[PDB]
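Let's start with one chain on its own, the form deposited in one PDB entry, as structure tokens.
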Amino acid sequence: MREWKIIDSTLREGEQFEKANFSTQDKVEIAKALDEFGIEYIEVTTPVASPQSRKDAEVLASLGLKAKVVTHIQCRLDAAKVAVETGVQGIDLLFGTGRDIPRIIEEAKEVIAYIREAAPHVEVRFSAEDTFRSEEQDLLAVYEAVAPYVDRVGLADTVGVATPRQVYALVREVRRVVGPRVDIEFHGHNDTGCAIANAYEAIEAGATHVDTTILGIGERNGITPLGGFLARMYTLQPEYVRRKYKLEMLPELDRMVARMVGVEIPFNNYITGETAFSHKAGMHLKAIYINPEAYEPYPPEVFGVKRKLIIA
């Protein structure tokens, strides 16, 4: 352990997907299915976006889910006021992307202080945008100074270019500077095909929270997808992962979202893709008969799917 939790952002990051147009009822459906699956956090679009987004945040946070509902805002006093008034259990601050460091630290601490005052029980996370491309001394200076005042700090590979060893290294440095009592969140975009690998490296480096969306939907080609992330973690911690989540629900989660946003599940999608458990090579089929484990990373039944043997 390697203990960690998932922050689903389907209703935040989520909404930034090109084809997403979630009704209130769509979001409630998604949130209840995630809660049933066992997801620990559900992050929702800033209430400042529209009066709509505010309402949705209000409803989601009062659904009585076991998951904590958390909203994502710019690191600003005005947005923080709106956020606390919604009743969310958490607020995820993003300090947007040079101006001096004591001032950045100043402005951050002010927002965080407002929130502690107005809503002492709300969990606060602080991230700087584009964390891995920010110059590192100043980044660590900010995180070190803000960490004593927050429950969690986050790192965001905003443009999807961080490399796995870079993510590992910077998470380790952040852990060094913030100490063992502040949680560490990773958010990574998939532009260079590293969102799952980077989330995994983040956890190996000490990260405690990973952002996912169902099918990885999000800005551009999206972020770490729930199913791909769970496949990656299941192979390493199968006992922990199967006890944490209702893994057999994955196909229904992927279907629900695909139907809502109007896409097909891709044909190679982790676990639930048409092709995810198809075998064809004769020497593979030879082995699967004696033991399917021979060419399978995990059992399809665990995730509520079946293998396919192509015997032509």
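We number the residues from 1 along the sequence you see. Only residues modelled in both forms are compared. So that the term is clear: the rigid core is the largest set of C-alpha atoms that superpose within 1.5 Å between two forms.
- For residue 307, the record comparison shows coordinates absent in at least a third of the other entries of this protein that model its neighbours.
- Per the records, residue 152 is modelled in every other compared entry, just as the shown structure includes it, so no third of them leave it out.
- The segment from residue 235 to residue 236 is modelled without interruption, since every residue of the deposited sequence in that interval carries coordinates.
- The mean Cα B-factor in the deposited entry runs higher for 278-286 than for the other of 254-262 and 278-286.
- When the C-alpha B-factors of 103-111 and 158-166 are averaged, 103-111 comes out higher.
- Residues shown: 189, 125, 209, 76. Highest C-alpha temperature factor in the entry: 76.
- The residue among 201, 173, 151, 117 whose C-alpha atom has the highest B-factor in the PDB entry is 117.
- In this PDB entry, the Cα temperature factor of residue 26 sits in the middle third of its chain's modelled residues.
- In this PDB entry, the Cα temperature factor of residue 86 sits in the top third of its chain's modelled residues, the highest group.
- Placement of the Cα temperature factor of residue 177 within the chain: middle third of the modelled residues, per the deposited record.
- In the deposited entry, the Cα temperature factor of residue 93 places it in the middle third of its chain's modelled residues.
- When the modelled residues of the chain are ordered by their C-alpha B factor, residue 80 lands in the highest third.
Keep in mind the form deposited in another entry is missing from the figure; the text below concerns it.
- Core superposition between the shown form and the other one leaves every listed residue (54, 244, 279, 68) with a C-alpha shift below 2 angstroms except 279.
- Relative to the superposed core, residue 288 shifts its CA atom by 2 Å or more between the shown form and the other one.
- Shifted stretches between the shown form and the other one, defined as 3+ consecutive common residues each with a CA displacement of 2 angstroms or more after rigid core fitting, are listed in sequence order as 100-103, 279-294.
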